[PDB]
Amino acid sequence: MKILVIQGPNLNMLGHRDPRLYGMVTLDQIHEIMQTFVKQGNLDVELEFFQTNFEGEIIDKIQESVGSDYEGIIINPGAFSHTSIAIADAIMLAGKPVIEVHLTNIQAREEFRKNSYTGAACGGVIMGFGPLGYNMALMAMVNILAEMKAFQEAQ
Amino acid sequence: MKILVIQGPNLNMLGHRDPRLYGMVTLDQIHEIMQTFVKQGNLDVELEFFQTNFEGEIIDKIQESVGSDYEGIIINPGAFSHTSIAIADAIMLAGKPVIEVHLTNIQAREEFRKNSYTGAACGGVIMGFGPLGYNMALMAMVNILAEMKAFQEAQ
Amino acid sequence: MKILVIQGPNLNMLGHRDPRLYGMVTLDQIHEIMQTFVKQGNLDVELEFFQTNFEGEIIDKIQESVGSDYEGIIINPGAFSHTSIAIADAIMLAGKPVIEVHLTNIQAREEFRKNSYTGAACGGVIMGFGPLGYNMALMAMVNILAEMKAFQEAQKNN
Amino acid sequence: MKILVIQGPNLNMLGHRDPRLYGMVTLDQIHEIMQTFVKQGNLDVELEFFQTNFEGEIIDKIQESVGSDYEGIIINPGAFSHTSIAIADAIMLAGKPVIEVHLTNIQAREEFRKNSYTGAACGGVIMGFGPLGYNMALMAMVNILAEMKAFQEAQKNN
Amino acid sequence: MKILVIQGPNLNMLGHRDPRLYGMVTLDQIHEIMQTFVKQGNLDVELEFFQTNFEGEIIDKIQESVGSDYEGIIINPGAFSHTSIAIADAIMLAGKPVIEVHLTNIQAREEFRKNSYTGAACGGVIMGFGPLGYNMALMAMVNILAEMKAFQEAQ
Amino acid sequence: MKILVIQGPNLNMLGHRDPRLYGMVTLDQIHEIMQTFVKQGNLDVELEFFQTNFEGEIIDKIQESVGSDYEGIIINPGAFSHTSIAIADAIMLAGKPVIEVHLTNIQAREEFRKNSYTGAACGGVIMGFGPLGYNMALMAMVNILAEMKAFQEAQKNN
Amino acid sequence: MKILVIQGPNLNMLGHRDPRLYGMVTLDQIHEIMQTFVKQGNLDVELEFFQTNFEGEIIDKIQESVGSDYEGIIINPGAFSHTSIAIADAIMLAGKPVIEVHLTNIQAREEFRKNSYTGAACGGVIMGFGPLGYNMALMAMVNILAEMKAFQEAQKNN
Amino acid sequence: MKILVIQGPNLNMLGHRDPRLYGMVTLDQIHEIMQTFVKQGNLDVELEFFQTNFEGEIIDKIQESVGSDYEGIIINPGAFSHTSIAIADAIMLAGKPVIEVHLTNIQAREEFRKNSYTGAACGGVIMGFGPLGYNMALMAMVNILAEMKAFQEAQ
Amino acid sequence: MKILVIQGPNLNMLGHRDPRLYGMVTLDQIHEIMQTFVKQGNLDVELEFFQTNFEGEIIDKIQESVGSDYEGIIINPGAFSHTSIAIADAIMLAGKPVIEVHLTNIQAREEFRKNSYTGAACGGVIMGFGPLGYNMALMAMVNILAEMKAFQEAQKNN
Amino acid sequence: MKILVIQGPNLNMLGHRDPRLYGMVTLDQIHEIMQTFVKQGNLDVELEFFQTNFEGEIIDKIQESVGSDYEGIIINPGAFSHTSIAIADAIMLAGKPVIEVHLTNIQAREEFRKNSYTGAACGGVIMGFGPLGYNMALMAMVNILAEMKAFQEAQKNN
Amino acid sequence: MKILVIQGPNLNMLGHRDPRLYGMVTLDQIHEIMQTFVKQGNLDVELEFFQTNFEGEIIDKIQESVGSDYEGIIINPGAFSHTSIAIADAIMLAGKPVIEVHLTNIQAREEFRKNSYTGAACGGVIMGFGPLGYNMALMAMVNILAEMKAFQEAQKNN
Amino acid sequence: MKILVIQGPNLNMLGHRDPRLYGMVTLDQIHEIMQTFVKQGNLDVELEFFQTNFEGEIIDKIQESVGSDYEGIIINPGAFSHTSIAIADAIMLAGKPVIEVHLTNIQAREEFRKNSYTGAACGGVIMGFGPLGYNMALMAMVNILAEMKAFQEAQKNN
Ligand SMILES: O=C1[C@@H](O)[C@H](O)C[C@](O)(C(=O)O)[C@@H]1Cc1c(F)c(F)c(F)c(F)c1F
Ligand SMILES: O=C1[C@@H](O)[C@H](O)C[C@](O)(C(=O)O)[C@@H]1Cc1c(F)c(F)c(F)c(F)c1F
Ligand SMILES: O=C1[C@@H](O)[C@H](O)C[C@](O)(C(=O)O)[C@@H]1Cc1c(F)c(F)c(F)c(F)c1F
Ligand SMILES: O=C1[C@@H](O)[C@H](O)C[C@](O)(C(=O)O)[C@@H]1Cc1c(F)c(F)c(F)c(F)c1F
Ligand SMILES: O=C1[C@@H](O)[C@H](O)C[C@](O)(C(=O)O)[C@@H]1Cc1c(F)c(F)c(F)c(F)c1F
Ligand SMILES: O=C1[C@@H](O)[C@H](O)C[C@](O)(C(=O)O)[C@@H]1Cc1c(F)c(F)c(F)c(F)c1F
């Protein structure tokens, strides 16, 4: 069970600064924490991680997952959450569970961050938990897919 | 470690109808699922559940948790999320982790549901996962408190 | 038929002043008039009346009616019309006809009274007829419930 | 009493399709039902019916009623509800009761249907009861006109 | 010099009621007052008056004045001032002076009366003077046309 | 196929004012060009032309097309595009393809021209090609109708 | 004169959270200070205190004051200031002076705090003086009541 | 019968430039044209003219006319029309006819010019006629005062 | 303590127009009443009064108070409350307590009066008590200053 | 004439998702149909196709067309229609006809799709005809180019 | 060249506090720095400085410059940037280069500071560089005026 | 000092047309002018230039500069100024001075150009001086960096 984790613009800069709202934990460290979570719960998942500052590369990537062996996507589209109708359209046609994560609470900052076109397209949205948000999303992804598979077999 | 779970207006009507967006699982069933999660992960938590259709009873309850042995609150304020400045003010003065859950994705419905005064006051917000959202919040609550306790002891 | 009549905040103050914008008839008198409209029409309708200033009591009451032997609700949610998404959510799950009444025309007053969340969730809305609006809702509820019965019997024999 | 019943744009297309959002009863049938509600109630009421797709014909008609022997208007201005300040201006000078009816609940549809200029100028508004709304307006108009008569006689003897 | 005076919806109801903001003077009386003004100042104008409650009849009429011997239009489009893009488009193509009159001050009533699509298309707008507004417009019309004729001859 | 071409307010004034933003081609010339487009394509199309400055005349004509011999409508509602919910409602019940045409690009002018109630009710909208837009609407209409027909025989056979 | 002091949601949490934006003075201490202000001014005022987190309890209390022994109300509706048309409606029918107090300046915080439905229904509003605001409301209330009374005897005598 | 004519900010710059929307006629020339109008119609009025770029001087001036022998005010508050609640409050308490004039059509320019707080307080508003607007206002002022005087005497 | 009282545009016209919404009490009378309030309270306060219709004169005066002998400002900026960011900026740098007063309740009039830039810059705002508001501002100012001073000696001693 | 066809984000996913709102026809099939439309019309047109999910790749391509051999552009910018001022700016300096196409009617979907920055920069916009829209854009482009050319020789000769 | 430097409301309070958001340099010091930037660059520029809190004095001053021997204006209109259509109107008729300066970045503060009417009328705007912004405007004005001179001479010899 | 100069979408098209709204100087020429302003001022500044139409390349580039030997950024984000929260986020974490430049005055054009997310995150913004704006940013960056150095040395010896 391959889960694709997509990390949007500026997420690669975690650690390398603004620790007063994001922390000194890096993105590579968050990805280690996700692997730890997989093993600690013995969840049968194999993660692939992708970060980019390009809207088009996020779109290419979601598209590429269509009819691939990726069963689900966990995404933090970064500032593109608030602006990217194109990424939301891509999420809409993905044909699999997509879950949005934000490290910060996007209801609790500037007004321009409240809208998320991408989160409106996702099955579910997690915000405000920092790095832990991504393990939260892993957990949901497993339950969502297992549940979908029960509807498969028992039909 | 007592965690208070507060469930707002109409949450008691889960099961008893609109299963086409909320499902036939009842609120009492969600609370059983949370207990199952506690035992299955052997988390040292003791939950207390409270449901009400009164804004004032949610406020009384959050207030009552101040300087009590409740260490955290998981809340689904229901339709009061979008309207209740009074509940948000209560959340602000609670002095402990508060986490908001919604069964549905509130970015993906009517425009009047997008605002959450209460979620803006909470540390973190979870939406769109159905019943599972509450186990997601349990998991965050444990990590948040454990982490706070590390900052306690190692200081 | 048991019909439940819910009267929201400040409706109990009818005729205990503002005899200009609302008249000098009391809530108790309006309810008497409704009873008299049933009795006179020989309608098989038992009315039950509930006034409250509490949003949560209105939701409690609408919830209580689910799986009860109430066939319908006539509601004036008062000021909560404009603000209560919670009461609209309760109406949406009521599973029975709910008719909203306002004594005044809420299109013809302050801007803040124009939105009615509860009204939008109700099948039908009556406004600006004063106390008469409640007798209009009675007439409507009876006709709605008859229609519903005839539809239900005529489908069960097919 | 002569009551004038004005039916605005596209109301003539009732039952000539969209049998889902509006039903399959025709405008002619609704008017028959209204006639039958008068006859059956032995109401001293003569109904006159007017449908038009023209804003100017509706205003002409409301104007024509001033100093006429029409005692009241029941109006469904259709889409002109939301846009016609001109028809609201005509209602405001009508000098007689005007009741607005909508078959559908205009609080529960597209945003552009929520404003009713004409509704705000009418004494009272009924919406979301389908064809029944017209019989509800009839009931109301009769009661309004009675009240008006009793008030007028009881002041002239004082 | 023919001047067409166009009077919009409900103007025919002047006198016949709401004298508490419009007065007991009728529309036919305003048209007499305009003729009085023509003779009293010995202005070489011949007025034609047209009232209608139809948007389409106002449009037909303005159109009909194009390449006619009407040299100018004085118009009170009534409630169509606030709504009629079609009447404004007609005014725009009229090819002659058009002047808007309102009996009431439309900056000083409801918010829905503040916009005038038609007045924005007119050369000039007069409001708030009652019946006198129309003699004011007559006076401007004469000066405007005389001035245009000076630019004609002296070119 | 009889196709109805409805032209809204002021369209009759083409080539008789504003050579700048519109053309110097008249409305009659546009209609000749459309006829020419049919005849030389040897299309089996009989065009019917109707211009009016009256909203209600447009609604009358759309209604008259219901259950008629007309298989489609090409419409430029003029300034009523932006204002007429009534005409949009008529389009919604037309029961046949309706194509909206504008000479000008309505996304690129005043803010008040951007909304088209009528365009949102139409299946397709063409704008900003000038008189050519109408021939584009003819091409589309023939193709829509041929596809619709091939579909009705595709289905009657399974 | 009995004066009623109504304190809305969370006001009971003063001095038990957020020393920063509010004080460290408790609600009971504020109430002692008001009593102290009366007693030392030798004012003939009997204060009655009521705090609640329930909108409906506030409306109940305002209503209960109609035709009672209370001559005035000093109110801080808390967050319900910004949301409660219901409480504003209650204030409008109170029939006696109602003064709104806020500890903080509600013009100088979040945008959602700027509106006060309740303040607009009150005769006067005091904000941003902290606990002192309540003593200012006491001073005003005594002066309003004394002026009102002197006026009732000014008039009965001519 | 003294009529005060108040001319607001930048009106003194008429002539001295932007003749492509205002013309080469100066303010002093407009005031001569008003005197010409008085004599030509033999109207018993004595005008006083005041121009200023100060909001406070317009307010002082309107105030000063209260209980003076000024019977009416014709005002072009300039850009202060759109912004000056203080000037509108002054107009409201003036106790005599006040008429607003604009040389340009303020419904037909930028959106920030559409509001006129001052015109909403005035009895009537004239726009879009250039210099002639002020003679239009003179004419209305005479009729308004004469009419008020008929209501005086015949009462 | 010298306290400066700044009165904005049109405040000088009190009692010389609109007996209705304002009083019939003049501005000079209000100023006498304030002096009277000080003298009878045996407050050590020397009031200085300044009225102007000029925004820039208000800003000049607030600035002139910086590093002066004045310990506080009571201000009614009149219509400039709603418009003057410049005056709000001046208030922000004043370096001493500034209290805003309105005779009327600015939450309960036209929409354009609701914003107060100046009020948001002031520590506290009093509205809708009429001339009494000014005596309330005096009471508050003395109390604010006494508390501030007691604090400066509370701190120099530890 | 070489005509460039630019297809924006997700257009490559046609027929590989959402048979409902779009077709089941693929992007390559649409491009074949356009080629077919040229060849059978014996048009002298050489089409060049470019799809990308990158805003900057669209801007690169429009720029690359400046002073190139391409005489026109047919563009569907996809979701960038609603967001991309950058692409609109590129269109504005393109120096040749640019036609915008949408498969769907963007006036009739979510509010966020209504604006098209790119459409307002284009000379003409076609929407809501599905894949046929592209052939309509081809017809228009040939006609625009032929008219432009006839004009350049109309003018060089006087 | 004579360049006029206009400093609007509260700019005289620079360095007389808020040493945090604005710094501790005075207006007089900034003007000294500008003088020193001229002297050091051996620029043939005479600077004239004017500060005022009066909107009317700023307009007077800009008007006074018309037909004067001032070749340019550097203006910081302070809070009047956001509100003064009157000062923008004066700038528009100045007939010479006008550059707006703000010490702070007005895009990065309260919403009410984002609009600059005066800035929109100026050729160019500089913000968020503190006192340096004035030296930047000096550099720009010199370069603008040189360019203007070279253009004027090189056209007069053609 | 190494200063990085980022030029956003369509800036490469300068002087390759719209010689009216933007002039006929090229991007390459502007960069030459900047180089010449350094050389002539004998500034110890090495300029590096980067143009791109890709939002992601601009973010990549700003990120690349973190922990590099670039001391500062001069940026014109072009149309991405108004839309890119992503580029603003990159600016906010740059940890070095970033100055925004626009050739045109973005307060004086379409409404959609008034917001600058990137500008608000930059320390300072320059607009409406054409190519000169870049030399103004150079002057500023040098002065900013000097100030920063003097501050840093004078604190390390304390
Ligand atoms: O014409 C309208 C709508 O424009 C209006 O919003 C509701 C409305 O007034 C009502 O519910 O009665 C009416 C609804 C309506 C229609 F919109 C319509 F198109 C019809 F053909 C029709 F028969 C009909 F009843
Ligand atoms: O009537 C209108 C406008 O009101 C609409 O905005 C565009 C519109 O639908 C179009 O571009 O076709 C049309 C434009 C228009 C006109 F606005 C107009 F005034 C004419 F005289 C005319 F001939 C014409 F074509
Ligand atoms: O309850 C509120 C706010 O919601 C309101 O905006 C201001 C308010 O009315 C005031 O300043 O008095 C009050 C402020 C306020 C609180 F918001 C609050 F959470 C408290 F615990 C409290 F004690 C308190 F005073
Ligand atoms: O000048 C104003 C108004 O513009 C403001 O809205 C209220 C206001 O600040 C107050 O209530 O004190 C004040 C009200 C006001 C006036 F508006 C006014 F015109 C007066 F002549 C007057 F005496 C007066 F007090
Ligand atoms: O990309 C889009 C939308 O974002 C745009 O609103 C309409 C749009 O430009 C059109 O109707 O052509 C296009 C619609 C659209 C999609 F939104 C989309 F996700 C696809 F996969 C697709 F194939 C498609 F055509
Ligand atoms: O790209 C843009 C605009 O989107 C922006 O609003 C102004 C802008 O940032 C500026 O004035 O520098 C820049 C203006 C602009 C362009 F919009 C453009 F299309 C060009 F080709 C160009 F060379 C150019 F400079």
# chains A, B, ... in the order shown; residues from 1 in each chain; ligands from 1
$ residues_around --residues "residue G:138" --least-positions-apart "4" --cutoff "12 Å" --atoms "only C-alpha atoms" --output "ChimeraX atom specification"
/G:1-5,31,33-39,41,43-47,72-75,97-101,126,131-134,142-145 /I:136,139
$ residues_near_ligand --ligand "ligand 3" --cutoff "9 Å" --atoms "only C-alpha atoms and all ligand atoms" --output "PyMOL selection string"
(chain B and resi 85-93) or (chain G and resi 7-18+21-23+26-27+76-82+101-106+109-110+112-114+116+127-128+130-131)
$ select_by_dssp --residues "stretch 10-153 of chain A" --states "alpha helix (DSSP H)" --output "ChimeraX atom specification"
/A:27-40,55-64,85-92,117-121,132-153
$ closest_atom_pairs --of "chain E" --to "chain D" --cutoff "8 Å" --atoms "only C-alpha atoms" --output "JSON lines"
{"residue": "E:9", "atom": "CA", "partner": "D:86", "partner_atom": "CA", "distance": 6.4}
{"residue": "E:10", "atom": "CA", "partner": "D:90", "partner_atom": "CA", "distance": 6.6}
{"residue": "E:13", "atom": "CA", "partner": "D:63", "partner_atom": "CA", "distance": 7.7}
{"residue": "E:17", "atom": "CA", "partner": "D:93", "partner_atom": "CA", "distance": 6.6}
{"residue": "E:18", "atom": "CA", "partner": "D:93", "partner_atom": "CA", "distance": 6.9}
{"residue": "E:52", "atom": "CA", "partner": "D:56", "partner_atom": "CA", "distance": 7.9}
{"residue": "E:53", "atom": "CA", "partner": "D:56", "partner_atom": "CA", "distance": 4.8}
{"residue": "E:54", "atom": "CA", "partner": "D:56", "partner_atom": "CA", "distance": 4.3}
{"residue": "E:55", "atom": "CA", "partner": "D:56", "partner_atom": "CA", "distance": 7.1}
{"residue": "E:78", "atom": "CA", "partner": "D:86", "partner_atom": "CA", "distance": 7.6}
{"residue": "E:79", "atom": "CA", "partner": "D:86", "partner_atom": "CA", "distance": 5.0}
{"residue": "E:80", "atom": "CA", "partner": "D:86", "partner_atom": "CA", "distance": 6.8}
{"residue": "E:83", "atom": "CA", "partner": "D:83", "partner_atom": "CA", "distance": 7.7}
$ write_last_selection --atoms "N, CA and C atoms" --output "short mmCIF file (atom, residue, chain, number, x, y, z; two decimals), in the first residue's frame"
data_model
loop_
_atom_site.label_atom_id
_atom_site.label_comp_id
_atom_site.auth_asym_id
_atom_site.auth_seq_id
_atom_site.Cartn_x
_atom_site.Cartn_y
_atom_site.Cartn_z
N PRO E 9 -42.24 54.91 -15.48
CA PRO E 9 -43.25 54.20 -14.73
C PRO E 9 -43.77 54.95 -13.48
N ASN E 10 -45.10 54.93 -13.33
CA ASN E 10 -45.79 55.52 -12.18
C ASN E 10 -45.85 57.05 -12.11
N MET E 13 -49.23 58.61 -12.01
CA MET E 13 -49.93 58.57 -10.73
C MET E 13 -49.68 59.77 -9.83
N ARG E 17 -51.87 59.98 -5.93
CA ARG E 17 -51.48 59.80 -4.52
C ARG E 17 -50.03 59.47 -4.12
N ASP E 18 -49.83 59.64 -2.80
CA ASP E 18 -48.59 59.97 -2.05
C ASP E 18 -48.18 61.45 -2.15
N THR E 52 -45.09 56.34 -19.95
CA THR E 52 -45.31 54.92 -20.09
C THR E 52 -44.74 54.16 -18.90
N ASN E 53 -45.30 52.98 -18.64
CA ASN E 53 -44.83 52.12 -17.57
C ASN E 53 -44.02 50.98 -18.16
N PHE E 54 -43.82 51.01 -19.47
CA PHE E 54 -43.05 49.98 -20.17
C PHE E 54 -41.64 50.40 -20.48
N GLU E 55 -40.68 49.61 -20.02
CA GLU E 55 -39.30 49.81 -20.35
C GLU E 55 -39.11 49.85 -21.88
N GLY E 78 -38.00 57.10 -13.91
CA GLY E 78 -38.71 56.56 -12.76
C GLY E 78 -37.85 55.48 -12.13
N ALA E 79 -38.47 54.40 -11.70
CA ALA E 79 -37.70 53.33 -11.06
C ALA E 79 -36.75 52.57 -12.01
N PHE E 80 -37.01 52.67 -13.30
CA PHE E 80 -36.10 52.16 -14.30
C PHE E 80 -34.75 52.89 -14.30
N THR E 83 -32.27 50.45 -12.59
CA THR E 83 -32.21 49.08 -13.06
C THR E 83 -31.92 48.90 -14.57
#
$ calpha_fit_and_write --fixed "chain I" --moving "chain F" --output "compact mmCIF listing (two decimals) with C-alpha atoms, in the first residue's frame"
# COMPACT_ATOMS: atom_id res chain seq x y z
CA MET F 1 -4.56 68.64 36.90
CA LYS F 2 -5.28 70.63 33.77
CA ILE F 3 -7.71 68.67 31.56
CA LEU F 4 -8.27 69.71 27.99
CA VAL F 5 -11.77 69.47 26.54
CA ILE F 6 -11.82 69.36 22.75
CA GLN F 7 -15.11 69.76 20.94
CA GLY F 8 -15.25 69.02 17.20
CA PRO F 9 -17.25 70.35 14.24
CA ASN F 10 -20.80 71.70 14.79
CA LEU F 11 -20.71 71.15 18.59
CA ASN F 12 -20.83 74.89 18.89
CA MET F 13 -24.34 74.72 17.32
CA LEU F 14 -25.95 72.88 20.26
CA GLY F 15 -29.17 74.51 21.39
CA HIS F 16 -29.11 76.66 18.24
CA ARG F 17 -30.62 73.90 16.03
CA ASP F 18 -32.29 70.46 16.18
CA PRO F 19 -33.81 70.49 19.73
CA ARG F 20 -34.91 66.95 18.85
CA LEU F 21 -31.86 64.59 18.51
CA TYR F 22 -29.53 66.77 20.61
CA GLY F 23 -30.74 68.98 23.50
CA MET F 24 -31.60 72.64 23.92
CA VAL F 25 -28.66 72.98 26.27
CA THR F 26 -25.82 74.97 24.62
CA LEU F 27 -22.15 74.10 24.41
CA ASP F 28 -21.27 76.87 26.89
CA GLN F 29 -23.89 75.46 29.29
CA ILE F 30 -22.30 71.99 29.06
CA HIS F 31 -18.97 73.58 29.88
CA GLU F 32 -20.49 75.39 32.91
CA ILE F 33 -21.96 72.09 34.09
CA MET F 34 -18.52 70.45 33.89
CA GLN F 35 -16.93 73.32 35.87
CA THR F 36 -19.78 72.95 38.36
CA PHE F 37 -19.11 69.21 38.62
CA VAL F 38 -15.43 69.88 39.48
CA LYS F 39 -16.05 72.71 41.93
CA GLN F 40 -18.70 70.90 43.91
CA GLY F 41 -16.68 67.70 43.96
CA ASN F 42 -13.77 69.84 45.17
CA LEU F 43 -11.69 68.21 42.49
CA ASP F 44 -8.30 69.65 41.79
CA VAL F 45 -9.01 70.01 38.09
CA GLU F 46 -8.50 73.08 35.87
CA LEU F 47 -10.54 72.59 32.68
CA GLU F 48 -9.51 74.17 29.38
CA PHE F 49 -12.15 74.29 26.56
CA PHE F 50 -11.56 74.35 22.84
CA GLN F 51 -14.09 74.03 20.04
CA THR F 52 -13.25 74.02 16.33
CA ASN F 53 -14.71 72.98 12.96
CA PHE F 54 -11.14 72.34 11.65
CA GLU F 55 -9.57 68.92 11.63
CA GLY F 56 -6.08 70.50 11.60
CA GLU F 57 -6.91 72.68 14.65
CA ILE F 58 -7.83 69.53 16.59
CA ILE F 59 -4.55 67.85 15.52
CA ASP F 60 -2.60 71.09 16.44
CA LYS F 61 -4.18 71.06 19.92
CA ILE F 62 -3.54 67.38 20.62
CA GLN F 63 0.11 67.83 19.58
CA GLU F 64 0.45 71.00 21.66
CA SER F 65 -0.56 68.85 24.64
CA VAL F 66 2.48 66.61 24.18
CA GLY F 67 4.94 67.44 26.95
CA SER F 68 2.64 70.15 28.21
CA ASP F 69 0.98 70.72 31.58
CA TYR F 70 -2.19 68.89 30.48
CA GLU F 71 -2.59 65.48 32.04
CA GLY F 72 -5.61 64.36 29.98
CA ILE F 73 -7.98 65.02 27.09
CA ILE F 74 -11.75 64.57 26.82
CA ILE F 75 -12.72 64.70 23.18
CA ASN F 76 -15.85 64.76 21.02
CA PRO F 77 -14.46 64.84 17.42
CA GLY F 78 -17.92 65.25 15.96
CA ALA F 79 -18.23 63.95 12.38
CA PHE F 80 -14.41 63.65 12.18
CA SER F 81 -14.78 60.62 14.49
CA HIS F 82 -15.91 58.59 11.51
CA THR F 83 -13.47 59.98 8.92
CA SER F 84 -10.22 61.23 10.53
CA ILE F 85 -7.38 58.78 10.55
CA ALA F 86 -5.22 61.96 11.02
CA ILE F 87 -6.90 62.81 14.29
CA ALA F 88 -6.72 59.14 15.32
CA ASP F 89 -2.95 59.20 14.66
CA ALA F 90 -2.62 62.34 16.83
CA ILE F 91 -4.55 60.59 19.67
CA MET F 92 -2.20 57.61 19.40
CA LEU F 93 0.87 59.73 20.13
CA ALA F 94 -0.77 61.92 22.78
CA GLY F 95 1.01 60.18 25.68
CA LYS F 96 -1.83 60.68 28.16
CA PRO F 97 -5.40 59.44 28.66
CA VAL F 98 -7.86 60.49 25.94
CA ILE F 99 -11.58 59.83 26.37
CA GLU F 100 -14.06 60.04 23.56
CA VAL F 101 -17.57 61.35 24.18
CA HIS F 102 -20.62 61.43 21.92
CA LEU F 103 -23.94 63.01 22.85
CA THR F 104 -25.74 60.47 20.75
CA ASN F 105 -25.49 56.73 20.48
CA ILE F 106 -23.44 56.23 17.28
CA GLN F 107 -24.33 52.49 17.11
CA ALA F 108 -28.02 53.48 16.61
CA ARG F 109 -28.02 55.99 13.74
CA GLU F 110 -26.90 55.93 10.08
CA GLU F 111 -24.45 53.23 8.97
CA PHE F 112 -21.81 55.90 8.20
CA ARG F 113 -21.66 56.93 11.87
CA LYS F 114 -20.82 53.47 13.22
CA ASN F 115 -17.08 53.52 12.62
CA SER F 116 -15.01 55.68 14.95
CA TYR F 117 -11.32 55.83 14.01
CA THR F 118 -10.81 58.22 16.86
CA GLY F 119 -12.71 56.07 19.38
CA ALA F 120 -10.57 53.06 18.61
CA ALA F 121 -7.49 55.21 19.38
CA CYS F 122 -8.94 56.47 22.66
CA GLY F 123 -8.73 54.41 25.82
CA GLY F 124 -12.48 54.59 26.45
CA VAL F 125 -15.64 55.80 24.70
CA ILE F 126 -18.87 57.12 26.21
CA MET F 127 -21.95 57.56 24.05
CA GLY F 128 -25.66 58.26 24.08
CA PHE F 129 -26.03 59.96 27.50
CA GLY F 130 -26.26 63.47 26.08
CA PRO F 131 -24.51 66.26 28.00
CA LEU F 132 -24.13 63.98 31.02
CA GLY F 133 -21.52 61.99 29.05
CA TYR F 134 -19.05 64.80 29.65
CA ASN F 135 -19.43 64.61 33.44
CA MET F 136 -19.01 60.83 33.17
CA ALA F 137 -15.77 61.49 31.26
CA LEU F 138 -14.66 63.84 34.04
CA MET F 139 -15.32 61.23 36.70
CA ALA F 140 -13.42 58.63 34.68
CA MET F 141 -10.45 60.93 33.95
CA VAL F 142 -9.92 61.83 37.63
CA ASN F 143 -10.12 58.14 38.51
CA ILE F 144 -7.72 57.13 35.72
CA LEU F 145 -5.24 59.83 36.72
CA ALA F 146 -5.38 58.97 40.47
CA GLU F 147 -4.89 55.30 39.72
CA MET F 148 -1.96 56.06 37.36
CA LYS F 149 -0.28 58.23 40.07
CA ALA F 150 -0.78 55.72 42.91
CA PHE F 151 0.88 53.26 40.55
CA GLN F 152 3.93 55.49 39.99
CA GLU F 153 4.53 55.67 43.74
CA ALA F 154 3.66 51.97 44.18
CA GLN F 155 6.57 51.27 41.84
CA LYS F 156 9.24 53.83 42.77
CA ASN F 157 9.15 52.13 46.22
CA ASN F 158 9.98 48.65 44.79
$ atom_distance --atom1 "atom CA of residue H:23" --atom2 "atom CA of residue H:114"
21.6 Å
$ select_by_dssp --residues "chain E" --states "strand (DSSP E or B)" --output "number ranges by chain"
E: 2-7, 46-51, 70-76, 98-102, 124-127
$ atom_distance --atom1 "atom CA of residue E:143" --atom2 "atom CA of residue H:35"
16.9 Å
